[PDB]
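Below, chains carry the letters A, B, ... as their sequence lines are ordered, and counting in each starts from 1.
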Amino acid sequence: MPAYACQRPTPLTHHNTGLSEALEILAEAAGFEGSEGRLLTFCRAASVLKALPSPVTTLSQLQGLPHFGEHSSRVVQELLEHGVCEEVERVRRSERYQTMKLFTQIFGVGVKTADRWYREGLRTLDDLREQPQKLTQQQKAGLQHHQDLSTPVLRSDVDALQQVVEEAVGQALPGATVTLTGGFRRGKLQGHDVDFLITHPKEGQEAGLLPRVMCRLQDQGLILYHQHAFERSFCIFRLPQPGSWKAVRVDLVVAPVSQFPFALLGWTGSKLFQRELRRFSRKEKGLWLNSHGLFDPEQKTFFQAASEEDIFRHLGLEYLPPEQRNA
DNA sequence: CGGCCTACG
DNA sequence: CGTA
DNA sequence: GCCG
Ligand SMILES: Nc1nc2c([nH]c(=O)n2[C@H]2C[C@H](O)[C@@H](COP(=O)(O)OP(=O)(O)OP(=O)(O)O)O2)c(=O)[nH]1
Ligand SMILES: [Ca+2]
Ligand SMILES: [Ca+2]
Ligand code: NA
């Protein structure tokens, strides 16, 4: 078992679902307290279990697995012996956890805002609605649409949506393409939102594209909310339903074709996978990775990549298809 | 112990 | 601060 | 919280 999640295949479904879910609760709670370090360890431990070829049945099977120390091992031990971990259950029922989860789920609210609201004594969505003067325009949209945004987006909804985005994109710039990224590209059948990556095969033609796309989507009556030169837009879209519609979060991002492999890799995730890949790159290879490129700070040069395969090769890693990046 | 991904709106 |  |  290698130490970085980007060094091992992690499938979407696996053999340790209950154990991973418990560790991820502890990870999430650590994030609500501002401990990114402990959030990372619990996420990494969870991800290790996702990568195993069969169920963990005995405590001895954790010996020598990376990211399992005294704490994560005790969590697994208790689950194996009793079916339940007292620490996890205490977190699940804490007012702090439940409220921070509720608030951070709102589009436009992060941990810092949620925590301040918690310290002010606020606990429910109706508490936030009663004092609407304190909300940003983003948070008001987030609150208004919260019920719809809490319903999973189905993979079966995505194709019709991609088609409407493609029509707007084709008008904005003939020849521009739309690629489905995020969890759906990793094989998920649901998601909290839809992620699209837009480019054009002629380098430079994509400049100024996103505003043109957004204007056209807005003219079609499809945009319930968006922030408005730019290259990422975090929107709420109107998605057709039988006799009606629902609000759906959609991310649109533009990249030049030179950067497309880096953008595709970054936006395809998973979030832990990409953090681990970037850490691997810097710490093991001395190269700086982001969604735009891969930089050698000794030579002061960018790696040219024509594919995700190129990027894995330049980092000395075995290629993983998107379906095995579910860290 | 230091480090924990790296960007854009 | 929010967002990915 | 864990790794190196
Ligand atoms: N490097 C980096 N990438 C991120 C972060 N947050 C984040 O979502 N991403 C990337 C990895 C994700 O898989 C991708 C899309 O984000 P997402 O929140 O829509 O996640 P998803 O599609 O996997 O999940 P979901 O919609 O099924 O819930 O963007 C971050 O903080 N850093
Ligand atoms: Ca998504
Ligand atoms: Ca997204
Ligand atoms: Na939020």
Whole-Å distance separating the CG atom of A:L39 from the P atom of D:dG1: 13 Å
Show me, pair by pair, the donor-acceptor contacts under 3.5 angstrom made by side chains of residues 100-107 of chain A, not counting sequence neighbours?
residue, atom, partner, partner atom, Å
A:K101, NZ, A:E28, OE1, 3.4
A:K101, NZ, A:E28, OE2, 2.7
A:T104, OG1, A:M100, O, 2.6
A:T104, OG1, A:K101, O, 3.3

Carboxylate-amine/guanidinium contact A:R185 A:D195, below 4.0 Å: no
Atom pair distance, as rounded to whole Å: CD1 in A:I25 and P in D:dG1: 17 Å
Residue-phosphate contact under 4.0 Å: A:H71 side-chain N/O, D:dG1 OP1/OP2: yes
Rounded distance (Å) that lies between atom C1' of B:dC8 and atom CD of A:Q138: 13 Å
Per A:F234 side chain, nearest of listed nucleotides B:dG9, D:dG1, B:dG3: B:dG9
d(NZ, A:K283; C1', D:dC2) in whole Å: 15 Å
Candidates D:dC2, B:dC8, B:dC4 - which lies nearest the side chain of A:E231: B:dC8
Distance flag, aromatic centroids of A:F262 and A:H292, threshold under 6.0 Å: no
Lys NZ or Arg CZ of A:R96 over A:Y118 ring: under 6.0 Å, within 45°: yes
Sugar-phosphate, base or nothing in reach of A:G37, heavy atoms under 4.0 Å: base
Side-chain N,O (A:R282) to OP1/OP2 (B:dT6) below 4.0 Å: yes
Ring geometry between A:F302 and A:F295 (parallel below 30°, tilted from 30 to 60°, perpendicular above 60°): tilted
Under 4.0 angstrom between A:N290 side-chain N/O and B:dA7 OP1 or OP2: yes
Spacing between A:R279 atom CZ and B:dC4 atom P, to the nearest angstrom: 9 Å
Phosphate OP1/OP2 of B:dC8 contacted by A:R232 side-chain N/O (<4.0 Å): no
Touch class at under 4.0 angstrom, heavy-atom based, for A:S281 against every strand present: nothing
Residues which pass salt bridge (charged side-chain N to carboxylate O under 4.0 Å, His left out) with A:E284, listed by chain and number, not counting sequence neighbours: none
Exam field: side chain A:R212 to backbone A:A172, donor-acceptor pair closer than 3.5 Å: yes
Spacing of the P atoms in B:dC8 and D:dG1 (rounded, Å): 34 Å
Outermost nucleotides of DNA chain C that come under 4.0 Å of a non-hydrogen atom of chain A: C:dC1 to C:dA4
5' precedence on DNA chain B between A:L40 and A:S291 (nearest-nucleotide basis): A:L40
N or O in side chain of A:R38 less than 4.0 angstrom from D:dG1 OP1/OP2: yes
Nearest-angstrom distance from the residue atom CZ of A:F230 to P of B:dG9: 8 Å
Whole-Å gap separating P (B:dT6) and CZ (A:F302): 13 Å
Touch class at under 4.0 angstrom, heavy-atom based, for A:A45 against every strand present: nothing
In one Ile/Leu/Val/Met/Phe/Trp/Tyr side-chain cluster, 4.5 Å: A:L180, A:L189: no
Stretch residues 181-190 of chain A: residues that reach within less than 4.0 Å of DNA chain B through a heavy atom: none
Gap between atoms CG and P, on A:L65 and D:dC3 respectively (whole Å): 10 Å
Touch class at under 4.0 angstrom, heavy-atom based, for A:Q274 against every strand present: nothing
Short side-chain N/O contact to B:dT6 OP1/OP2 from A:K271, under 4.0 Å: no
Closest-nucleotide 5' rank along DNA chain B - winner of A:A229 and A:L289: A:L289
Distance below 4.0 Å between A:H292 side-chain N/O and B:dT6 OP1 or OP2: no
Pairs where residues 252-277 of chain A contributes a residue and the test salt bridge (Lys or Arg N to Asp or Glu O under 4.0 Å) is met, not counting sequence neighbours: A:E36-A:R275, A:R44-A:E276, A:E276-A:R279
Sugar-phosphate only, base, or nothing, as touched by A:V253 at under 4.0 Å among non-hydrogen atoms: nothing
Indicate every side-chain donor-acceptor pair of residues 235-245 of chain A with a distance under 3.5 Å to a residue at least two apart or in another chain.
none

B:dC4 versus C:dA4 - spacing of their P atoms, nearest Å: 23 Å
Parallel, tilted or perpendicular: ring planes of A:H228 versus A:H226, cut at 30 and 60 degrees: tilted
Contact under 4.0 Å: A:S72 side-chain N or O vs D:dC2 OP1/OP2: yes
Sugar-phosphate only, base, or nothing, as touched by A:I106 at under 4.0 Å among non-hydrogen atoms: sugar-phosphate
Test item: A:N16 side-chain N/O and A:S54 main-chain N/O as donor-acceptor pair under 3.5 Å: yes
